[PDB]
Structure formats: C-alpha cells, structure tokens
Number of protein chains: 2
Amino acid sequence: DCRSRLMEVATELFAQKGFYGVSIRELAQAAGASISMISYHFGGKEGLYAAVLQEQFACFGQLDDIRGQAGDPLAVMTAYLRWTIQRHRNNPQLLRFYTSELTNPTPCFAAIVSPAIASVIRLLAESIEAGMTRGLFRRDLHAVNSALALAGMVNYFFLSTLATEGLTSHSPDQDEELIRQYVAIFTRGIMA
Amino acid sequence: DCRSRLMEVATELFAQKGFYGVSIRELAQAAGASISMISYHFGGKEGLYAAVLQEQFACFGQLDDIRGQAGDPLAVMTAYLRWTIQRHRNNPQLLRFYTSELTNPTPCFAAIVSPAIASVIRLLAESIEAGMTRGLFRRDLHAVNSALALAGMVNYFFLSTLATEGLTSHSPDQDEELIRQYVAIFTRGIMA
Ligand SMILES: [Cl-]
Ligand SMILES: [Cl-]
C-alpha cells in the first residue's frame with residue numbers, strides 16, 4: 001500500500017514542481033516513507049518519476065480508436081479529437097507533465113514523451129497524406145505541419161483554459177460541439 | 001550591475017525549475033549576491049520572479065503591428081502569426097514561463113499572464129467577428145473558439161519542437177512558409 005501512496009504523492013509533487021523542482025526528501029516526507037524505502041525499493045526520485053510519466057502517457061500506446069478509422073481521413077481526425085478531449089478530461093495532470101517535458105526535458109523525454117507524441121503526429125499525417133493522394137485534401141500543404149495544426153488546436157484549447165475562463169465555455173457539455181467546430185475549421189477553414 | 005546579473009540568473013533558474021522549484025538561497029548562490037541584497041533591495045524571490053515574468057510578457061502590451069491591420073481580418077491574422085513567430089524566435093524562454101503559468105499558476109498568473117493572453121485572443125476574436133458580419137467568414141463558428149484555434153496552431157508548432165525534430169523543419173528559413181500554410185488552413189481548411 002505504500003507503493004500506491006508513493007505514486008499519488010509523486011504524481012502531485014512532480015506535477016506541481018516538475019522533476020527538477022522535487023527532492024527525494026520532499027517525496028519521503030509527503031508519503032511518510034523513509035528515504036531508504038524510496039531509494040532501495042521504489043527506484044529513487046528517478047524511478048518514481050519514470051513510473052509517473054509512464055502512467056501519464058500510457059494511453060498513447062493504445063491508439064486503436066483512431067487507427068481503426070483508417071480509410072476515412074475525416075473519421076480519423078474526428079476520432080483523434082474525441083480521444084484527445086477524453087484524455088484531458090480523464091487526466092487533468094497531463095498538460096502539466098506534457099508541457100514541462102517539452103520545455104524542460106528530462107531523460108524521460110526521449111524515452112517516453114517524444115515517441116508518444118511522434119506516434120500520434122505520424123498517424124494523423126499518414127491519414128492526411130492518403131487524403132491528399134485521393135484528391136480529398138489539397139496538395140500544396142505539408143501533411144506533418146497540418147497534423148501539428150490539428151493537434152495544436154485541441155491541445156491549446158485545454159492549455160489556455162485558465163486565461164480564457166470568461167471568454168468561452170470549457171464545460172464538458174460543450175466538448176462534442178468543440179469537435180464539430182474544430183473539424184469544420186481544419187477541413188473547411190473559417191471562410192464563408 | 002548586480003541587478004543585471006540577478007535578472008539573468010533569475011530568468012534561467014525560474015525558466016528551468018519554475019517559481020515553485022526555485023529557492024532564494026539558490027538565486028543568491030548562482031548570482032553571488034547575499035540573501036539580504038535580494039530580500040531588501042531586489043524584492044526577494046517574489047519580486048525577482050515578477051520582474052522576470054513582466055519582461056517575458058512585455059511585448060503583449062505592444063500589439064500595434066496587429067491592431068494596425070484592423071479593417072482587413074486576413075491581414076490581422078497574418079500579422080498575428082508573424083508577430084507570434086517573432087516572439088518565439090526572439091525569446092526561446094517564453095514557452096517555458098507561458099506553459100508553466102497556465103498549468104501551475106502563481107499570483108503573477110492573474111496579474112500578468114492572463115490579461116496578456118486574453119488581450120490577444122480578444123483582438124483576434126474581434127477581427128473574426130467583423131469578418132463574420134461582413135460575410136467573409138462563416139456564421140456558424142464561434143469567434144473566440146476560432147481565435148483559440150489559430151493561436152493553438154502556431155503556439156503548438158513551437159511547443160512540440162523537441163518531439164518533432166525529424167518530422168518537419170523548424171528552421172527560421174521556413175517561418176514565412178509556415179505562415180502561408182497556417183493562414184491557408186485557418187481560412188480555407190485542408191479540403192481540396
Ligand atoms: Cl486514412
Ligand atoms: Cl478587422
């Protein structure tokens with residue numbers, strides 16, 4: 001059971017202060033574990049951080065709701081948006097770790113974060129590439145940059161929440177309408 | 001001169017570890033200043049952090065390159081992209097502070113970060129609103145959510161750089177082409 005309480009405490013301290021702001025003394029104190037339990041049995045600060053980040057990014061190795069729509073690029077893009085919104089609703093901590101690693105990487109960035117993000121961007125880009133070949137999508141746009149644009153739309157909506165509280169709804173009630181809006185912008189733009 | 005060296009040291013330590021990961025002892029040690037100089041003359045950890053964040057967000061109070069294009073929504077959107085890219089090229093530290101505050105806010109979030117971001121989003125939304133009234137833009141999309149989408153495109157391109165190194169160019173040589181691509185997606189979508 002002190003394994004579970006350590007995972008909780010590690011997630012909340014590393015989420016707050018990042019890997020570079022947390023000490024093993026703080027982890028032990030917050031969990032009521034000894035520095036020795038932590039170092040010898042739970043992999044130290046580093047082992048706990050790796051375990052926490054692996055849990056944060058676990059869902060990125062499970063892309064079948066998106067991959068399963070291949071053959072219909074619009075359905076792929078829609079599934080990607082729905083999946084991404086779900087991820088954020090289920091895990092309020094994720095953008096803390098995701099942005100902290102992208103802007104102040106640890107050794108876990110190359111091991112866990114970078115391949116997770118790249119796998120998703122690739123998947124989207126492949127679908128865009130297929131749509132371009134088919135003539136559904138315009139051939140003067142670059143598939144990866146286009147994928148990054150879609151990913152940016154949805155991820156910035158959640159990232160900017162605290163600064164935009166009175167400017168738009170962030171209620172989960174409106175998530176399906178957000179998907180409708182971002183699918184429309186990405187595929188058809190804002191032009192009349 | 002120890003004022004200048006303190007600002008440098010504060011920017012680099014707060015950029016790395018965030019406000020919540022930096023101690024006044026670390027600041028003094030890194031700058032070769034006493035804890036007393038810092039507390040009594042430079043406003044302590046908090047004063048230094050406020051000064052650093054104010055410098056990080058200073059350019060957000062200077063939006064005339066964007067505002068000056070009002071009357072032509074496309075020119076506003078283009079100017080916004082160009083300005084945002086410039087900001088990131090001139091200040092590699094900015095997304096560290098920007099994401100850290102949005103995900104782990106300090107008292108400086110409400111004072112500095114939130115109004116800076118809101119002022120830009122408002123400006124974009126107003127231009128989109130005008131274009132909708134004029135019939136240039138579709139009336140079934142929400143202006144603020146659309147503004148957030150454009151902001152998300154460009155900000156995610158820089159945010160995701162470390163994870164996408166081999167997937168697309170991030171060379172400043174290609175910044176004008178990026179603007180061309182993101183203007184095209186936002187206004188016309190990816191459809192043929
Ligand atoms: Cl496909
Ligand atoms: Cl306008």
# chains A, B, ... in the order shown; residues from 1 in each chain; ligands from 1
>>> residues_near_ligand(ligand="ligand 2", cutoff="12 Å", atoms="only C-alpha atoms and all ligand atoms", output="list in words")
residues 66, 67, 68, 69, 70, 71, 72, 73, 74, 75, 76, 77, 78, 79, 122, 123, 124, 125, 126, 127, 128, 129, 130, 131, 132, 133, 134, 136 and 137 of chain B
>>> interface_residues(of="chain A", to="chain B", cutoff="8 Å", atoms="only C-alpha atoms", output="NGL selection string")
:A and (16-18 or 20-22 or 95-96 or 99-100 or 102-104 or 113-115 or 117-118 or 135-139 or 141 or 144-146 or 148-157 or 159-164 or 167-168 or 181-182 or 184-192)
>>> atom_distance(atom1="atom CA of residue 107 of chain B", atom2="atom CA of residue 48 of chain B")
13.2 Å
>>> select_by_dssp(residues="segment 42-111 of chain A", states="alpha helix (DSSP H)", output="mmCIF file with N, CA, C and O atoms, in the first residue's frame")
data_model
loop_
_atom_site.group_PDB
_atom_site.id
_atom_site.type_symbol
_atom_site.label_atom_id
_atom_site.label_comp_id
_atom_site.auth_asym_id
_atom_site.auth_seq_id
_atom_site.Cartn_x
_atom_site.Cartn_y
_atom_site.Cartn_z
ATOM 1 N N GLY A 44 14.145 5.243 -6.300
ATOM 2 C CA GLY A 44 14.574 6.611 -6.038
ATOM 3 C C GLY A 44 13.659 7.652 -6.700
ATOM 4 O O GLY A 44 12.601 7.307 -7.235
ATOM 5 N N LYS A 45 14.057 8.915 -6.606
ATOM 6 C CA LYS A 45 13.334 10.011 -7.283
ATOM 7 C C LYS A 45 13.134 9.673 -8.761
ATOM 8 O O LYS A 45 12.063 9.893 -9.354
ATOM 9 N N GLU A 46 14.182 9.126 -9.374
ATOM 10 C CA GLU A 46 14.187 8.965 -10.827
ATOM 11 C C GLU A 46 13.205 7.866 -11.223
ATOM 12 O O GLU A 46 12.409 8.069 -12.147
ATOM 13 N N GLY A 47 13.276 6.729 -10.513
ATOM 14 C CA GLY A 47 12.382 5.596 -10.724
ATOM 15 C C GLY A 47 10.933 6.006 -10.527
ATOM 16 O O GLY A 47 10.070 5.687 -11.348
ATOM 17 N N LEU A 48 10.658 6.753 -9.465
ATOM 18 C CA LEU A 48 9.281 7.214 -9.248
ATOM 19 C C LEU A 48 8.807 8.147 -10.352
ATOM 20 O O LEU A 48 7.650 8.061 -10.768
ATOM 21 N N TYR A 49 9.678 9.058 -10.799
ATOM 22 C CA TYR A 49 9.324 9.950 -11.859
ATOM 23 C C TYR A 49 9.033 9.174 -13.155
ATOM 24 O O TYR A 49 8.035 9.452 -13.796
ATOM 25 N N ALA A 50 9.890 8.202 -13.501
ATOM 26 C CA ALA A 50 9.662 7.346 -14.695
ATOM 27 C C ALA A 50 8.319 6.624 -14.642
ATOM 28 O O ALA A 50 7.604 6.542 -15.670
ATOM 29 N N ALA A 51 7.989 6.091 -13.455
ATOM 30 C CA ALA A 51 6.730 5.359 -13.243
ATOM 31 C C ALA A 51 5.554 6.315 -13.453
ATOM 32 O O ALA A 51 4.587 5.984 -14.138
ATOM 33 N N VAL A 52 5.649 7.513 -12.884
ATOM 34 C CA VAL A 52 4.596 8.527 -13.005
ATOM 35 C C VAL A 52 4.393 8.941 -14.492
ATOM 36 O O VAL A 52 3.274 9.023 -14.988
ATOM 37 N N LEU A 53 5.495 9.211 -15.188
ATOM 38 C CA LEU A 53 5.384 9.660 -16.576
ATOM 39 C C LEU A 53 4.817 8.527 -17.465
ATOM 40 O O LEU A 53 4.003 8.780 -18.362
ATOM 41 N N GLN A 54 5.194 7.284 -17.168
ATOM 42 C CA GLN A 54 4.709 6.137 -17.930
ATOM 43 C C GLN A 54 3.190 6.035 -17.793
ATOM 44 O O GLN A 54 2.470 5.778 -18.796
ATOM 45 N N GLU A 55 2.685 6.252 -16.577
ATOM 46 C CA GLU A 55 1.240 6.276 -16.324
ATOM 47 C C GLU A 55 0.566 7.434 -17.040
ATOM 48 O O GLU A 55 -0.547 7.277 -17.551
ATOM 49 N N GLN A 56 1.221 8.595 -17.036
ATOM 50 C CA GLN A 56 0.699 9.785 -17.736
ATOM 51 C C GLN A 56 0.539 9.554 -19.234
ATOM 52 O O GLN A 56 -0.440 10.012 -19.838
ATOM 53 N N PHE A 57 1.480 8.827 -19.830
ATOM 54 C CA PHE A 57 1.492 8.660 -21.274
ATOM 55 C C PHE A 57 1.010 7.277 -21.756
ATOM 56 O O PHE A 57 1.071 6.978 -22.934
ATOM 57 N N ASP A 64 -6.042 2.424 -31.019
ATOM 58 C CA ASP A 64 -6.948 1.668 -31.893
ATOM 59 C C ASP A 64 -8.261 2.410 -32.248
ATOM 60 O O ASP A 64 -8.811 2.210 -33.328
ATOM 61 N N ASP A 65 -8.760 3.273 -31.361
ATOM 62 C CA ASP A 65 -9.951 4.085 -31.713
ATOM 63 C C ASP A 65 -9.682 5.029 -32.893
ATOM 64 O O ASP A 65 -10.592 5.394 -33.647
ATOM 65 N N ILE A 66 -8.427 5.431 -33.030
ATOM 66 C CA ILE A 66 -8.011 6.271 -34.151
ATOM 67 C C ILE A 66 -7.591 5.407 -35.336
ATOM 68 O O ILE A 66 -8.096 5.586 -36.439
ATOM 69 N N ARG A 67 -6.653 4.489 -35.115
ATOM 70 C CA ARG A 67 -6.163 3.624 -36.212
ATOM 71 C C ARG A 67 -7.293 2.868 -36.874
ATOM 72 O O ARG A 67 -7.280 2.620 -38.101
ATOM 73 N N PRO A 73 -10.244 9.532 -43.774
ATOM 74 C CA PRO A 73 -9.428 10.526 -43.052
ATOM 75 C C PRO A 73 -10.240 11.411 -42.136
ATOM 76 O O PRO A 73 -9.781 11.730 -41.051
ATOM 77 N N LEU A 74 -11.445 11.798 -42.556
ATOM 78 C CA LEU A 74 -12.274 12.643 -41.695
ATOM 79 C C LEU A 74 -12.597 11.931 -40.389
ATOM 80 O O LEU A 74 -12.527 12.532 -39.330
ATOM 81 N N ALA A 75 -12.958 10.649 -40.470
ATOM 82 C CA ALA A 75 -13.245 9.847 -39.264
ATOM 83 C C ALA A 75 -11.998 9.708 -38.372
ATOM 84 O O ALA A 75 -12.108 9.706 -37.146
ATOM 85 N N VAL A 76 -10.818 9.557 -38.985
ATOM 86 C CA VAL A 76 -9.567 9.559 -38.217
ATOM 87 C C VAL A 76 -9.388 10.888 -37.425
ATOM 88 O O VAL A 76 -9.095 10.866 -36.223
ATOM 89 N N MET A 77 -9.559 12.021 -38.109
ATOM 90 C CA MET A 77 -9.398 13.341 -37.463
ATOM 91 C C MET A 77 -10.405 13.533 -36.346
ATOM 92 O O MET A 77 -10.065 14.104 -35.292
ATOM 93 N N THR A 78 -11.644 13.099 -36.583
ATOM 94 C CA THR A 78 -12.711 13.207 -35.586
ATOM 95 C C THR A 78 -12.401 12.339 -34.373
ATOM 96 O O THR A 78 -12.499 12.809 -33.246
ATOM 97 N N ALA A 79 -11.986 11.094 -34.608
ATOM 98 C CA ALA A 79 -11.614 10.173 -33.528
ATOM 99 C C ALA A 79 -10.434 10.698 -32.719
ATOM 100 O O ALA A 79 -10.418 10.591 -31.479
ATOM 101 N N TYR A 80 -9.448 11.250 -33.421
ATOM 102 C CA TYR A 80 -8.305 11.871 -32.742
ATOM 103 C C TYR A 80 -8.790 13.000 -31.784
ATOM 104 O O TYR A 80 -8.353 13.067 -30.636
ATOM 105 N N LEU A 81 -9.638 13.894 -32.265
ATOM 106 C CA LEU A 81 -10.159 14.988 -31.396
ATOM 107 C C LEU A 81 -10.900 14.437 -30.178
ATOM 108 O O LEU A 81 -10.679 14.891 -29.031
ATOM 109 N N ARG A 82 -11.783 13.478 -30.415
ATOM 110 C CA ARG A 82 -12.573 12.897 -29.338
ATOM 111 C C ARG A 82 -11.660 12.227 -28.290
ATOM 112 O O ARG A 82 -11.879 12.369 -27.074
ATOM 113 N N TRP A 83 -10.678 11.485 -28.775
ATOM 114 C CA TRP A 83 -9.715 10.786 -27.920
ATOM 115 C C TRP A 83 -8.905 11.796 -27.093
ATOM 116 O O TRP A 83 -8.677 11.587 -25.900
ATOM 117 N N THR A 84 -8.452 12.867 -27.736
ATOM 118 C CA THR A 84 -7.619 13.882 -27.065
ATOM 119 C C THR A 84 -8.418 14.607 -25.971
ATOM 120 O O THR A 84 -7.912 14.808 -24.859
ATOM 121 N N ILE A 85 -9.655 14.970 -26.288
ATOM 122 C CA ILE A 85 -10.521 15.591 -25.292
ATOM 123 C C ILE A 85 -10.742 14.636 -24.097
ATOM 124 O O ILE A 85 -10.601 15.044 -22.941
ATOM 125 N N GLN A 86 -11.060 13.370 -24.395
ATOM 126 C CA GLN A 86 -11.197 12.352 -23.354
ATOM 127 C C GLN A 86 -9.954 12.287 -22.436
ATOM 128 O O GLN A 86 -10.062 12.290 -21.213
ATOM 129 N N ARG A 87 -8.779 12.271 -23.050
ATOM 130 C CA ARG A 87 -7.523 12.174 -22.317
ATOM 131 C C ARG A 87 -7.408 13.308 -21.323
ATOM 132 O O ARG A 87 -7.037 13.093 -20.151
ATOM 133 N N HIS A 88 -7.718 14.520 -21.788
ATOM 134 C CA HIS A 88 -7.640 15.678 -20.898
ATOM 135 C C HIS A 88 -8.687 15.661 -19.799
ATOM 136 O O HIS A 88 -8.397 16.018 -18.660
ATOM 137 N N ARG A 89 -9.894 15.209 -20.115
ATOM 138 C CA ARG A 89 -10.938 15.148 -19.081
ATOM 139 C C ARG A 89 -10.622 14.093 -18.026
ATOM 140 O O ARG A 89 -10.846 14.314 -16.831
ATOM 141 N N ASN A 90 -10.090 12.962 -18.457
ATOM 142 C CA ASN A 90 -9.724 11.894 -17.528
ATOM 143 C C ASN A 90 -8.471 12.200 -16.730
ATOM 144 O O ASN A 90 -8.272 11.642 -15.650
ATOM 145 N N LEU A 94 -2.308 15.929 -17.078
ATOM 146 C CA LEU A 94 -1.446 15.560 -18.211
ATOM 147 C C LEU A 94 -0.744 16.777 -18.817
ATOM 148 O O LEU A 94 0.470 16.705 -19.082
ATOM 149 N N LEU A 95 -1.426 17.911 -18.990
ATOM 150 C CA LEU A 95 -0.718 19.002 -19.698
ATOM 151 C C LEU A 95 0.404 19.557 -18.867
ATOM 152 O O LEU A 95 1.336 20.113 -19.397
ATOM 153 N N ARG A 96 0.322 19.401 -17.542
ATOM 154 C CA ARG A 96 1.477 19.806 -16.683
ATOM 155 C C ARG A 96 2.744 19.014 -17.087
ATOM 156 O O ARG A 96 3.759 19.610 -17.419
ATOM 157 N N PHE A 97 2.658 17.684 -17.099
ATOM 158 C CA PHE A 97 3.820 16.855 -17.434
ATOM 159 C C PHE A 97 4.213 17.017 -18.910
ATOM 160 O O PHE A 97 5.394 17.077 -19.240
ATOM 161 N N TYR A 98 3.196 17.104 -19.779
ATOM 162 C CA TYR A 98 3.409 17.162 -21.226
ATOM 163 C C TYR A 98 4.162 18.450 -21.591
ATOM 164 O O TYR A 98 5.187 18.388 -22.270
ATOM 165 N N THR A 99 3.694 19.596 -21.086
ATOM 166 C CA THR A 99 4.397 20.856 -21.374
ATOM 167 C C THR A 99 5.736 20.963 -20.674
ATOM 168 O O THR A 99 6.684 21.507 -21.266
ATOM 169 N N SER A 100 5.820 20.468 -19.430
ATOM 170 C CA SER A 100 7.067 20.567 -18.686
ATOM 171 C C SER A 100 8.156 19.763 -19.426
ATOM 172 O O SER A 100 9.284 20.237 -19.606
ATOM 173 N N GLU A 101 7.813 18.553 -19.853
ATOM 174 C CA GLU A 101 8.823 17.757 -20.609
ATOM 175 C C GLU A 101 9.221 18.370 -21.962
ATOM 176 O O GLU A 101 10.398 18.374 -22.338
ATOM 177 N N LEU A 102 8.254 18.943 -22.692
ATOM 178 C CA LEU A 102 8.575 19.555 -23.974
ATOM 179 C C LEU A 102 9.431 20.812 -23.822
ATOM 180 O O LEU A 102 10.188 21.143 -24.743
ATOM 181 N N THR A 103 9.280 21.525 -22.698
ATOM 182 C CA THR A 103 10.033 22.755 -22.480
ATOM 183 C C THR A 103 11.246 22.648 -21.573
ATOM 184 O O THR A 103 12.112 23.538 -21.610
ATOM 185 N N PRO A 107 15.669 12.928 -18.918
ATOM 186 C CA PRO A 107 15.924 11.704 -19.715
ATOM 187 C C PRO A 107 14.644 10.954 -20.115
ATOM 188 O O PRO A 107 14.616 10.206 -21.137
ATOM 189 N N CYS A 108 13.560 11.169 -19.385
ATOM 190 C CA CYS A 108 12.322 10.546 -19.792
ATOM 191 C C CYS A 108 11.706 11.178 -21.050
ATOM 192 O O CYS A 108 10.776 10.624 -21.622
#
>>> atom_distance(atom1="atom CA of residue 120 of chain B", atom2="atom CA of residue 58 of chain B")
12.8 Å
>>> decode(residues="segment 40-63 of chain B", atoms="N, CA, C and O atoms", output="PDB file, in the first residue's frame")
ATOM      1  N   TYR B  40      16.086  42.689   0.575  1.00  0.00           N
ATOM      2  CA  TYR B  40      15.878  44.093   0.914  1.00  0.00           C
ATOM      3  C   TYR B  40      15.935  45.047  -0.270  1.00  0.00           C
ATOM      4  O   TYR B  40      15.372  46.146  -0.190  1.00  0.00           O
ATOM      5  N   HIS B  41      16.660  44.662  -1.319  1.00  0.00           N
ATOM      6  CA  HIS B  41      16.870  45.556  -2.454  1.00  0.00           C
ATOM      7  C   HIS B  41      16.239  45.121  -3.760  1.00  0.00           C
ATOM      8  O   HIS B  41      15.888  45.977  -4.563  1.00  0.00           O
ATOM      9  N   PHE B  42      16.086  43.815  -3.973  1.00  0.00           N
ATOM     10  CA  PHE B  42      15.542  43.307  -5.247  1.00  0.00           C
ATOM     11  C   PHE B  42      14.202  42.606  -5.135  1.00  0.00           C
ATOM     12  O   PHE B  42      13.772  41.902  -6.054  1.00  0.00           O
ATOM     13  N   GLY B  43      13.529  42.800  -4.011  1.00  0.00           N
ATOM     14  CA  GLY B  43      12.171  42.344  -3.827  1.00  0.00           C
ATOM     15  C   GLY B  43      11.988  40.898  -3.470  1.00  0.00           C
ATOM     16  O   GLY B  43      10.870  40.380  -3.558  1.00  0.00           O
ATOM     17  N   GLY B  44      13.072  40.221  -3.081  1.00  0.00           N
ATOM     18  CA  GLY B  44      13.021  38.808  -2.728  1.00  0.00           C
ATOM     19  C   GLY B  44      12.781  37.905  -3.946  1.00  0.00           C
ATOM     20  O   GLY B  44      12.808  38.372  -5.089  1.00  0.00           O
ATOM     21  N   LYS B  45      12.602  36.615  -3.685  1.00  0.00           N
ATOM     22  CA  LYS B  45      12.257  35.647  -4.745  1.00  0.00           C
ATOM     23  C   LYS B  45      11.056  36.151  -5.546  1.00  0.00           C
ATOM     24  O   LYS B  45      11.001  36.065  -6.786  1.00  0.00           O
ATOM     25  N   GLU B  46      10.071  36.690  -4.831  1.00  0.00           N
ATOM     26  CA  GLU B  46       8.789  37.004  -5.457  1.00  0.00           C
ATOM     27  C   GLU B  46       8.954  38.200  -6.390  1.00  0.00           C
ATOM     28  O   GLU B  46       8.480  38.148  -7.532  1.00  0.00           O
ATOM     29  N   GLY B  47       9.626  39.249  -5.890  1.00  0.00           N
ATOM     30  CA  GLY B  47       9.918  40.453  -6.659  1.00  0.00           C
ATOM     31  C   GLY B  47      10.724  40.120  -7.903  1.00  0.00           C
ATOM     32  O   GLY B  47      10.407  40.580  -9.002  1.00  0.00           O
ATOM     33  N   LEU B  48      11.744  39.284  -7.752  1.00  0.00           N
ATOM     34  CA  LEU B  48      12.533  38.894  -8.928  1.00  0.00           C
ATOM     35  C   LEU B  48      11.706  38.116  -9.940  1.00  0.00           C
ATOM     36  O   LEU B  48      11.866  38.320 -11.146  1.00  0.00           O
ATOM     37  N   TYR B  49      10.854  37.202  -9.462  1.00  0.00           N
ATOM     38  CA  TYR B  49      10.014  36.452 -10.344  1.00  0.00           C
ATOM     39  C   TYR B  49       9.045  37.378 -11.099  1.00  0.00           C
ATOM     40  O   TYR B  49       8.910  37.235 -12.301  1.00  0.00           O
ATOM     41  N   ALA B  50       8.412  38.323 -10.388  1.00  0.00           N
ATOM     42  CA  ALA B  50       7.510  39.314 -11.033  1.00  0.00           C
ATOM     43  C   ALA B  50       8.214  40.113 -12.127  1.00  0.00           C
ATOM     44  O   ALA B  50       7.630  40.349 -13.212  1.00  0.00           O
ATOM     45  N   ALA B  51       9.453  40.537 -11.834  1.00  0.00           N
ATOM     46  CA  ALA B  51      10.260  41.323 -12.780  1.00  0.00           C
ATOM     47  C   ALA B  51      10.546  40.473 -14.020  1.00  0.00           C
ATOM     48  O   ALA B  51      10.397  40.937 -15.151  1.00  0.00           O
ATOM     49  N   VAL B  52      10.930  39.218 -13.809  1.00  0.00           N
ATOM     50  CA  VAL B  52      11.235  38.293 -14.906  1.00  0.00           C
ATOM     51  C   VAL B  52       9.978  38.052 -15.794  1.00  0.00           C
ATOM     52  O   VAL B  52      10.040  38.097 -17.018  1.00  0.00           O
ATOM     53  N   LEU B  53       8.842  37.787 -15.154  1.00  0.00           N
ATOM     54  CA  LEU B  53       7.630  37.496 -15.919  1.00  0.00           C
ATOM     55  C   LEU B  53       7.171  38.750 -16.700  1.00  0.00           C
ATOM     56  O   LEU B  53       6.727  38.648 -17.850  1.00  0.00           O
ATOM     57  N   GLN B  54       7.344  39.928 -16.100  1.00  0.00           N
ATOM     58  CA  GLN B  54       6.962  41.179 -16.750  1.00  0.00           C
ATOM     59  C   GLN B  54       7.780  41.364 -18.029  1.00  0.00           C
ATOM     60  O   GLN B  54       7.232  41.772 -19.089  1.00  0.00           O
ATOM     61  N   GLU B  55       9.076  41.053 -17.958  1.00  0.00           N
ATOM     62  CA  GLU B  55       9.955  41.096 -19.131  1.00  0.00           C
ATOM     63  C   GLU B  55       9.549  40.066 -20.172  1.00  0.00           C
ATOM     64  O   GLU B  55       9.610  40.349 -21.373  1.00  0.00           O
ATOM     65  N   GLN B  56       9.180  38.871 -19.712  1.00  0.00           N
ATOM     66  CA  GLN B  56       8.717  37.799 -20.614  1.00  0.00           C
ATOM     67  C   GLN B  56       7.474  38.197 -21.400  1.00  0.00           C
ATOM     68  O   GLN B  56       7.351  37.870 -22.588  1.00  0.00           O
ATOM     69  N   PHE B  57       6.564  38.921 -20.752  1.00  0.00           N
ATOM     70  CA  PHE B  57       5.286  39.239 -21.368  1.00  0.00           C
ATOM     71  C   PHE B  57       5.167  40.692 -21.866  1.00  0.00           C
ATOM     72  O   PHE B  57       4.112  41.111 -22.305  1.00  0.00           O
ATOM     73  N   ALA B  58       6.252  41.458 -21.770  1.00  0.00           N
ATOM     74  CA  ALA B  58       6.225  42.877 -22.130  1.00  0.00           C
ATOM     75  C   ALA B  58       5.610  43.175 -23.526  1.00  0.00           C
ATOM     76  O   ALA B  58       4.759  44.076 -23.670  1.00  0.00           O
ATOM     77  N   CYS B  59       6.035  42.389 -24.520  1.00  0.00           N
ATOM     78  CA  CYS B  59       5.594  42.520 -25.923  1.00  0.00           C
ATOM     79  C   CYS B  59       4.082  42.384 -26.136  1.00  0.00           C
ATOM     80  O   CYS B  59       3.549  42.852 -27.151  1.00  0.00           O
ATOM     81  N   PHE B  60       3.396  41.734 -25.201  1.00  0.00           N
ATOM     82  CA  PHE B  60       1.953  41.597 -25.281  1.00  0.00           C
ATOM     83  C   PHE B  60       1.215  42.947 -25.060  1.00  0.00           C
ATOM     84  O   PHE B  60       0.057  43.088 -25.436  1.00  0.00           O
ATOM     85  N   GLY B  61       1.894  43.937 -24.502  1.00  0.00           N
ATOM     86  CA  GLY B  61       1.287  45.261 -24.339  1.00  0.00           C
ATOM     87  C   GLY B  61       1.554  46.158 -25.529  1.00  0.00           C
ATOM     88  O   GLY B  61       1.205  47.354 -25.516  1.00  0.00           O
ATOM     89  N   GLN B  62       2.183  45.582 -26.552  1.00  0.00           N
ATOM     90  CA  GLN B  62       2.577  46.307 -27.753  1.00  0.00           C
ATOM     91  C   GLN B  62       2.077  45.573 -29.005  1.00  0.00           C
ATOM     92  O   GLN B  62       2.845  44.927 -29.726  1.00  0.00           O
ATOM     93  N   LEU B  63       0.780  45.703 -29.249  1.00  0.00           N
ATOM     94  CA  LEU B  63       0.106  44.974 -30.322  1.00  0.00           C
ATOM     95  C   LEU B  63      -0.204  45.796 -31.571  1.00  0.00           C
ATOM     96  O   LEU B  63      -1.010  45.367 -32.387  1.00  0.00           O
TER      97      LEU B  63
END
